[PDB]
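**Student:** The structure is given below, and queries will be raised subsequently.
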Amino acid sequence: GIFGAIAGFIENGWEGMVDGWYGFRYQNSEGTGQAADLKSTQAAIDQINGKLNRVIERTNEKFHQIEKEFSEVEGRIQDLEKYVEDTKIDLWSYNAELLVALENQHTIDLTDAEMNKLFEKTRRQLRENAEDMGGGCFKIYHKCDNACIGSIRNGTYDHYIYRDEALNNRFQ
Amino acid sequence: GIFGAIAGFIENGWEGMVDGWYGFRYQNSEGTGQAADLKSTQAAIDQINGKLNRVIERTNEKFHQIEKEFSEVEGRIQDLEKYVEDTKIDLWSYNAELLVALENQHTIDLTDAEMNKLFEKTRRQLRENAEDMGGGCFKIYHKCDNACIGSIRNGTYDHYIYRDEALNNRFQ
Amino acid sequence: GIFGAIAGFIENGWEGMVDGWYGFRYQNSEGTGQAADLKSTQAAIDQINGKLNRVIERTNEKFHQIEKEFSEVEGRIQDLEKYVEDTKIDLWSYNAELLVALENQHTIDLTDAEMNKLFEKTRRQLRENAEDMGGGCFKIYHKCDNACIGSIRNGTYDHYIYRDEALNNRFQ
Amino acid sequence: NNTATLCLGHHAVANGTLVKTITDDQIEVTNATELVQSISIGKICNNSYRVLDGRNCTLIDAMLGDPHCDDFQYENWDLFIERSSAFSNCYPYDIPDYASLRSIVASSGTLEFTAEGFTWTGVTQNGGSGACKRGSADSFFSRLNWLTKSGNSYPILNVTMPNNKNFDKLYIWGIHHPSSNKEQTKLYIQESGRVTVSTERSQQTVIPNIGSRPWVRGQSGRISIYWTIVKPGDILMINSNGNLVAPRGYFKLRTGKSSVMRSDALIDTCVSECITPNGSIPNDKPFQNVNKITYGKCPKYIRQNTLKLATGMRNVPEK
Amino acid sequence: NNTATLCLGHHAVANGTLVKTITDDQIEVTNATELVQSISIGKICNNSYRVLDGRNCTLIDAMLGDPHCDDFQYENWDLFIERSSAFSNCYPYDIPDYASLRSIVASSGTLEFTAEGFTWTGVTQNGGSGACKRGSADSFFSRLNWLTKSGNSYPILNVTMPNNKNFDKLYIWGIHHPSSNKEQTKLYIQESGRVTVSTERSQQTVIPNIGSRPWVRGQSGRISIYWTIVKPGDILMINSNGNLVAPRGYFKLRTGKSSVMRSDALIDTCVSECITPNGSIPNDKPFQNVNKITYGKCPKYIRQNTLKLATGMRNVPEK
Amino acid sequence: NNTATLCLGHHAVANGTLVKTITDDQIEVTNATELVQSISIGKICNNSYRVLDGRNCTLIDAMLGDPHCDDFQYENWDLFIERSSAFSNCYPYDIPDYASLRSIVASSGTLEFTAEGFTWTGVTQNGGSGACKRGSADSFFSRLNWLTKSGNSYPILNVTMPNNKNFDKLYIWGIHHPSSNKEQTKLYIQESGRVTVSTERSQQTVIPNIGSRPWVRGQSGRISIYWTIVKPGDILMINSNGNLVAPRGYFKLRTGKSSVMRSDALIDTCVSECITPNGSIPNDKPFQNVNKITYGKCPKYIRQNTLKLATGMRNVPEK
Ligand SMILES: CC(=O)N[C@@H]1[C@@H](O)[C@H](O[C@@H]2O[C@H](CO)[C@H](O)[C@H](O[C@]3(C(=O)O)C[C@H](O)[C@@H](NC(C)=O)[C@H]([C@H](O)[C@H](O)CO)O3)[C@H]2O)[C@@H](CO)O[C@H]1O
């Protein structure tokens, strides 16, 4: 997308991730783990369901219309009937083609932005206890077990607790 | 919002703020205060007024047209006159709905972006004199009376003046 | 645009720069310089080439259509023939105006974004070796000649090499 | 204090307004403005355009010259108002392709009448009827002329009216339909009636029909109304031998911005550049749900009765 | 360990689906959904709506009352299905403005027939023909009535059937065209036959024509069918001196949601709110490419046969 | 030395072009491209399509077979160009629903003619006129045939022409209108003229009208042109007793991609797949403001004379 996160500073996706659209991965004192982030995945799938509900919220009921096929050749008024229909189709064909183009473009944009939103959210929590490694990866400068990683996932990481150790590991 | 500022990392707006759209709330040695920014407020109102001039006041002038209401039933050509009018009303109605949709979805995005731009604008000023607390808030690590804030508001805060004080408070 | 890089935090463009759409301007030990970034340029050019090819893909092949100009005054059916062609043109006219409005508003945005992306891609390389002066300018705190700046363009700047030097010059 | 806190943010309001977007069907914003003009004044405006009230007269009754439509003899309009409460108080008539004549007269936007002295030889003019009383005594349509036999015989008529003017002349004419076979030979002598209007480019021949129609204020007969446009340089020519409802003259056609509208609204003094059957509406908004029939500088009609365009950010108040 | 790596990412798949965008024509996403309904069931569902198969009868054949369309005398419908294998097995007839009558009947959605007593003085009713057998013996269109002279003379008939009911009556009538000059004086006595239907708001006079037409199941003559609608309060009137095909009564008009459709599609039990000439289709996708002719709650037809809608992010797998 | 300063940015141009956006009315970008085709070549190209110069002939004059349109007897086209400087140099004629006939011939896209030997018993063929000179001597429309009485009487003509072909036959015919009463009995003996062309499906009966018309190259008469299509298997039958303008044969109708256009443009050698009354235009753009009348692979007409599609970023030059 336009935010350059998906197919960008995050080089590629994860076929291993099967339980969410956006998640984490890590390595620490208690091995190496993967963990989806639901709130972002829920923000993504709500908007797509919104689009799909908006596109699929109405089909106009229509009854007695003009004749759209003929057997003989009549002349003047028969042309107008074919023309009115031919014009109607072209305009809806355009309206359908543009809608697809705009919507799909917005889909790849809002999915991308949500990938980036999560990154800035995770950064903001870490404060001065981690530096951006690039590739969509952080480097936390203290021992961060699964209990520690879990607080980040659930939006409850206190930087003050690990500030001194990390701040000392960064500059020595 | 697609940038994740409004209804995002900023928890909520302020009903008390009645002197602008975006703004700063601060705590310092001289107490606590509030003030609305005029520049970022102006930008958003310019883009909205820009849209509102494009859509408004281009109503076309139409004079004599076909009949759209009939007393007697005439069959062939009457059905066409209703059908053409029916086709016109549907296509314009669609266009109206699509316009309103795209404008509103863009209206939330540019108002969201502006908030986010005002934030990064402030970070840039503060250099290494302030850390990102969270909730779109900044911890300034030096004494900052109303003059120090007034300078930040007007975009004339000089980080070198308060560096040695702040840089020491951040790392000790 | 919406991202606030072009005509936003960056003061203005560079007419000197002719060999690309985006790039760097530096000052170091071997004098000053300018270099246009090929990757980010090429990207933005592909998206705008993509737009062109979509809008200039098809033109429909029509043949026998209704009479749109008349000599005599007939009455009923001639007005309908005018009204169809009048309504047809009005709808396509609006379809053309809206398209060119959306496209261009999108064009300024994706081009603005490609500035903001290149700026960030460069911040992420430098790590803690450089601060952010303002106006899209980094202050690097170590001796970086044209070979080093060369590694910053291609995307192979190893901050570890210069870290100790830069961390010394920033905080002493 | 050796520190300070700086929190950025945005404004908010208590009573927000909901809008539709690409994703959300209902999302709350700080502000909005209406794009659909759903309400109306309830009366037609008259200072922007010359709006002419037809009253009990229809457009074609006034055109033909019905006794109760002597007011609209030379008047012109921008928008003519045909009332539902309107009648035809003259000879019982009909028109093949009625809407075409009504449309051409409406687009013309004028009813000025330049009379012409046709050379009627061997026939009496100014025929009348008891079902078309002009004040009290018997009369007929003022722009038409009933021709009948003058004494013993009805000759085969043969007039010519050359167009030396540089515009399209509109001659309104017709043919009479007697009620009985005695009435054919009584009023018009000749056994078989016939009318043949013929320009250089075309020809229109009409045949009358002797038969009983429903009782319409005394008369059990009919008069079919026809018309013939004559371009600059072309010549008019009638060829009849009975039942000829002759033209008194011609109306002056013009390609204007005029029309006709059915309405039972009040036309009171105001200013507005958009008129409907319900009345006048302001054209500041680009859409409207009042009525699909419109005239002037109007907003387009749509099925929606409201469309809230966002004029502000997303609203999210305090707790 | 004193450090910890913390990477962020998004999912990917092995077989992504391509879509179109403003910039990219064929960009691959994780997952997309179809918006153009391409396939059909292959048959018309007749539960969602009351679908009536016309079978060998056209809608106008059944209206008049063709011998092989006796089943469709009081039957009504939501969607009438005309077949390509349908015929007209009665007198050779034609209709000027045929489709207009076909529309009015199809839109009304009912062929219920209320008969009425007309005073046909001095003529014989129930006239028939060999090209319109009702079992074996000669017959005629059941809702029409062929009149001919009584004995020595054909009197100039003249009937009035007032509309005291509170709806639009639709009378079906016509005029006969003999094959030869003997037949005009044989069957109708009077030399020049004529028919003149006339309401208060209109008139419809017709003249027959004596001449040979092609051999249609024995008959070399014709019958031009017509129709007249009468509004509440308005009176019906006929005035003929020959060649009158009398009306038996009137059909009940009603502003319904009905229509007619040409199709050779099977009509079996199912449920679906959109019916085409190819059979019913589901109305969940917004567009369709099955047919431009439609009935019911239907998607809007377009020329494209497929338009995928991304329902997921851009897909980028591992190398 | 131990510092650098890396700054980033974008290019700029001296002459940025202006464009329209969702927000800003007039905003300046580095580059753009035109989507509305405003200009034209000024001449019609005729390598892509087969453009046929109609000259002083109209489509219907060439169809009938006018003396000066003998070049268009068997020729065919993809697009036909009627010139405003066109004339009819034969008998004075009119056509009710003229445009329908015009359109049918245009859509057909050909004027090949298969003649058929009709059985004209007791009448004289090749009836000519002074107002239609084929070189010098008197003549008539080549595809039509003016019949008159042969000696003392005029027999009630009767001919049939079955369609054993597998396409729609188009028979062009008409009826004559004598100037005076003596002339009806002179040329056609029979007092009351009549023509009745009829298929198995439909009929067309016409009656002539004796009366004077305006002077058209030495004639005060008229000929009303009609046409009748006959389907595979269906049979043609004419039944007249005077004033028959008989057909020599039929034209071959085809469902083609041909049309007609009123233009006064020059038609020279070049290649361009779109055609307007002002010549050919390039179809590379999606829109155009040249003319609403179009033929071939053309862009869509709109009200605007320009629409600029930005193809570069926002321009912001140095100071
Ligand atoms: C070649 C030959 O010898 N032929 C005659 C043949 O013409 C004729 O047959 C009858 O012809 C008359 C027309 O003069 C009718 O067409 C007869 O048709 C019937 C029918 O439909 O059965 C009889 C019926 O009683 C008639 N009904 C009425 C109300 O008139 C109708 C009707 O007249 C016409 O058909 C409508 O045009 O026709 C047809 O049998 C026979 C008997 O004269 O003699 C042959 O020799």
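Residues are named by chain letter and number: chains run A, B, ... in the order of the structure tokens, numbers start at 1 in each chain, and ligands are numbered from 1 in the order shown.
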Name the residues, by chain letter and number, that sit within 8 Å of ligand 1 using only C-alpha atoms and all ligand atoms, and give them as a list in words.
**Tutor:**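 Counting only what the definition allows, namely only C-alpha atoms and all ligand atoms, the set is residues 127, 128, 129, 130, 131, 132, 138, 146, 147, 148, 177, 178, 179, 180, 182, 183, 187, 218, 219, 220, 221 and 222 of chain E.
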**Student:** If the cut-off is 6 Å, can you tell me the residues of chain B near chain D, counting only C-alpha atoms? I'd like them as a count of residues only.
**Tutor:** 37
**Student:** Up to 10 Å from chain D, what residues of chain F turn up? Count only C-alpha atoms and give them as a list in words.
**Tutor:**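 On the chain F side, the interface is residues 92, 93, 94, 95, 96, 208, 209, 210, 211, 212, 213, 214, 215, 216, 220, 222, 223 and 224 of chain F.
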**Student:** Dump C-alpha atoms for the selected residues as a short mmCIF file (atom, residue, chain, number, x, y, z; two decimals), in the first residue's frame?
**Tutor:**
```cif
data_model
loop_
_atom_site.label_atom_id
_atom_site.label_comp_id
_atom_site.auth_asym_id
_atom_site.auth_seq_id
_atom_site.Cartn_x
_atom_site.Cartn_y
_atom_site.Cartn_z
CA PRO F 92 -42.32 15.43 -55.82
CA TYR F 93 -42.61 12.91 -52.95
CA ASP F 94 -43.21 12.78 -49.19
CA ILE F 95 -42.77 9.95 -46.67
CA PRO F 96 -44.73 9.54 -43.42
CA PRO F 208 -55.05 8.51 -52.68
CA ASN F 209 -56.14 12.17 -52.50
CA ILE F 210 -57.13 14.29 -55.51
CA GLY F 211 -56.05 17.91 -54.98
CA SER F 212 -53.58 20.59 -56.05
CA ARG F 213 -50.18 20.95 -54.37
CA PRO F 214 -47.49 23.68 -54.72
CA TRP F 215 -45.56 23.93 -58.00
CA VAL F 216 -42.62 21.50 -58.02
CA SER F 220 -49.12 19.74 -58.58
CA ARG F 222 -47.64 13.79 -54.90
CA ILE F 223 -46.44 10.23 -54.31
CA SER F 224 -46.56 8.86 -50.74
#
```
**Student:** Give me, as a short mmCIF file (atom, residue, chain, number, x, y, z; two decimals) with N, CA and C atoms, in the first residue's frame, the residues of chain A touching chain C, with the criterion being at most 12 Å (counting only C-alpha atoms).
**Tutor:**
```cif
data_model
loop_
_atom_site.label_atom_id
_atom_site.label_comp_id
_atom_site.auth_asym_id
_atom_site.auth_seq_id
_atom_site.Cartn_x
_atom_site.Cartn_y
_atom_site.Cartn_z
N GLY A 1 0.80 -1.26 0.00
CA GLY A 1 0.00 0.00 0.00
C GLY A 1 0.81 1.29 0.00
N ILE A 2 0.09 2.40 0.07
CA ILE A 2 0.65 3.76 0.09
C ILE A 2 1.52 4.05 1.33
N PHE A 3 1.30 3.30 2.41
CA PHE A 3 2.05 3.50 3.67
C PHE A 3 3.38 2.74 3.70
N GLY A 4 3.63 1.92 2.68
CA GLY A 4 4.92 1.25 2.52
C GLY A 4 5.32 0.37 3.69
N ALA A 5 4.35 -0.33 4.28
CA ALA A 5 4.63 -1.28 5.35
C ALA A 5 4.52 -2.69 4.81
N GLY A 8 6.92 -3.67 1.84
CA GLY A 8 7.75 -2.48 2.07
C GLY A 8 8.86 -2.76 3.07
N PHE A 9 8.88 -2.01 4.17
CA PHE A 9 9.88 -2.23 5.21
C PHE A 9 9.68 -3.58 5.91
N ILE A 10 8.49 -4.15 5.79
CA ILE A 10 8.25 -5.56 6.11
C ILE A 10 8.34 -6.35 4.81
N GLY A 75 -37.65 0.84 -37.18
CA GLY A 75 -37.01 2.08 -37.62
C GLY A 75 -36.72 3.06 -36.50
N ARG A 76 -37.45 4.17 -36.49
CA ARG A 76 -37.14 5.31 -35.62
C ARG A 76 -37.14 4.95 -34.13
N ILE A 77 -38.30 4.59 -33.60
CA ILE A 77 -38.45 4.39 -32.15
C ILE A 77 -37.76 3.13 -31.63
N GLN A 78 -37.50 2.17 -32.52
CA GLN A 78 -36.78 0.96 -32.16
C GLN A 78 -35.30 1.26 -31.87
N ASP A 79 -34.72 2.19 -32.63
CA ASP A 79 -33.35 2.64 -32.41
C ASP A 79 -33.20 3.24 -31.01
N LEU A 80 -34.13 4.12 -30.66
CA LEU A 80 -34.13 4.80 -29.37
C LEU A 80 -34.20 3.82 -28.20
N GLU A 81 -34.98 2.76 -28.37
CA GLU A 81 -35.10 1.71 -27.35
C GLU A 81 -33.78 0.95 -27.17
N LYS A 82 -33.14 0.60 -28.28
CA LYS A 82 -31.82 -0.03 -28.25
C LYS A 82 -30.76 0.92 -27.70
N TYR A 83 -30.87 2.20 -28.04
CA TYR A 83 -29.91 3.22 -27.61
C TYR A 83 -30.00 3.47 -26.10
N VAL A 84 -31.21 3.71 -25.61
CA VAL A 84 -31.46 3.94 -24.18
C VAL A 84 -30.88 2.81 -23.33
N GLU A 85 -31.08 1.58 -23.77
CA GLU A 85 -30.54 0.41 -23.08
C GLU A 85 -29.02 0.35 -23.20
N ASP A 86 -28.52 0.52 -24.42
CA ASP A 86 -27.08 0.47 -24.67
C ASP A 86 -26.33 1.54 -23.85
N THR A 87 -26.94 2.72 -23.72
CA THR A 87 -26.39 3.79 -22.90
C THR A 87 -26.42 3.41 -21.42
N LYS A 88 -27.56 2.88 -20.96
CA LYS A 88 -27.73 2.47 -19.57
C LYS A 88 -26.68 1.44 -19.15
N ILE A 89 -26.40 0.47 -20.03
CA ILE A 89 -25.46 -0.60 -19.72
C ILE A 89 -24.04 -0.04 -19.58
N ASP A 90 -23.61 0.75 -20.56
CA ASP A 90 -22.27 1.37 -20.56
C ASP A 90 -21.98 2.14 -19.27
N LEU A 91 -22.96 2.91 -18.81
CA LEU A 91 -22.79 3.75 -17.62
C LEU A 91 -22.67 2.92 -16.34
N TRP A 92 -23.48 1.87 -16.23
CA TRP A 92 -23.38 0.95 -15.09
C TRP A 92 -22.09 0.14 -15.16
N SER A 93 -21.71 -0.28 -16.36
CA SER A 93 -20.43 -0.97 -16.59
C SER A 93 -19.25 -0.13 -16.09
N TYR A 94 -19.29 1.17 -16.36
CA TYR A 94 -18.28 2.09 -15.85
C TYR A 94 -18.37 2.17 -14.32
N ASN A 95 -19.56 2.48 -13.82
CA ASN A 95 -19.79 2.59 -12.37
C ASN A 95 -19.32 1.36 -11.60
N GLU A 97 -16.93 -0.79 -12.76
CA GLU A 97 -15.48 -0.90 -12.97
C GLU A 97 -14.69 0.09 -12.11
N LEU A 98 -15.22 1.29 -11.93
CA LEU A 98 -14.56 2.30 -11.09
C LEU A 98 -14.66 1.93 -9.62
N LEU A 99 -15.86 1.49 -9.21
CA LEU A 99 -16.11 1.08 -7.82
C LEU A 99 -15.12 0.02 -7.38
N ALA A 101 -12.20 -0.61 -8.71
CA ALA A 101 -10.86 0.00 -8.71
C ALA A 101 -10.60 0.84 -7.47
N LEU A 102 -11.56 1.69 -7.12
CA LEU A 102 -11.45 2.53 -5.93
C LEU A 102 -11.43 1.68 -4.65
N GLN A 105 -8.30 -0.50 -4.23
CA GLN A 105 -7.19 0.39 -3.90
C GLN A 105 -7.26 0.79 -2.43
N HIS A 106 -8.46 1.09 -1.95
CA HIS A 106 -8.65 1.44 -0.54
C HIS A 106 -8.40 0.25 0.37
N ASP A 109 -4.80 -0.14 0.84
CA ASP A 109 -4.33 0.98 1.66
C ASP A 109 -4.63 0.78 3.15
N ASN A 116 1.12 -0.71 9.81
CA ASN A 116 1.97 0.37 10.33
C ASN A 116 1.50 0.89 11.69
N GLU A 128 12.28 4.03 25.61
CA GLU A 128 13.71 4.07 25.31
C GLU A 128 14.40 2.73 25.58
N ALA A 130 14.19 0.05 23.58
CA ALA A 130 14.42 -0.66 22.32
C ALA A 130 14.67 0.28 21.13
N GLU A 131 15.48 -0.20 20.19
CA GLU A 131 15.84 0.54 18.98
C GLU A 131 15.34 -0.19 17.74
N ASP A 132 14.94 0.56 16.72
CA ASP A 132 14.40 -0.02 15.49
C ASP A 132 15.49 -0.73 14.67
N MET A 133 15.43 -2.06 14.62
CA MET A 133 16.39 -2.87 13.84
C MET A 133 16.16 -2.78 12.34
N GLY A 134 14.96 -2.39 11.93
CA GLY A 134 14.61 -2.39 10.52
C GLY A 134 14.24 -3.78 10.06
N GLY A 135 13.45 -3.85 9.00
CA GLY A 135 12.84 -5.10 8.57
C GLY A 135 11.52 -5.33 9.30
N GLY A 136 11.07 -4.32 10.05
CA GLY A 136 9.90 -4.43 10.91
C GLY A 136 10.20 -5.12 12.24
N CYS A 137 11.45 -5.04 12.69
CA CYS A 137 11.89 -5.71 13.91
C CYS A 137 12.48 -4.72 14.92
N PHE A 138 12.19 -4.94 16.20
CA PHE A 138 12.80 -4.16 17.28
C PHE A 138 13.98 -4.92 17.86
N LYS A 139 14.74 -4.25 18.72
CA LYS A 139 15.74 -4.91 19.54
C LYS A 139 15.61 -4.35 20.94
N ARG A 170 22.31 -0.19 26.23
CA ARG A 170 22.36 0.56 24.97
C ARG A 170 23.63 1.42 24.84
N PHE A 171 24.11 1.96 25.96
CA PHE A 171 25.20 2.93 25.96
C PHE A 171 26.38 2.50 26.83
N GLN A 172 27.04 1.39 26.47
CA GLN A 172 28.25 0.95 27.18
C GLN A 172 29.12 0.02 26.33
#
```
**Student:** Select from stretch 6-167 of chain A everything DSSP, run on the backbone, classes as strand (DSSP E or B), then give the selection as a PyMOL selection string.
**Tutor:** chain A and resi 6+10+14+22-28+31-37+61-62+130-132+137-140
**Student:** May I ask for the distance between atom CA of residue D:245 and atom CA of residue D:162, given in Å to one decimal place?
**Tutor:**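 Straight-line distance from atom CA of residue D:245 to atom CA of residue D:162 works out to 19.5 Å.
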**Student:** Give me the residues near residue C:162 as a ChimeraX atom specification, where near means some atom within 8 Å (using only C-alpha atoms) and where sequence neighbours in that chain fewer than 4 positions away do not count.
**Tutor:** /C:129,142,158,166
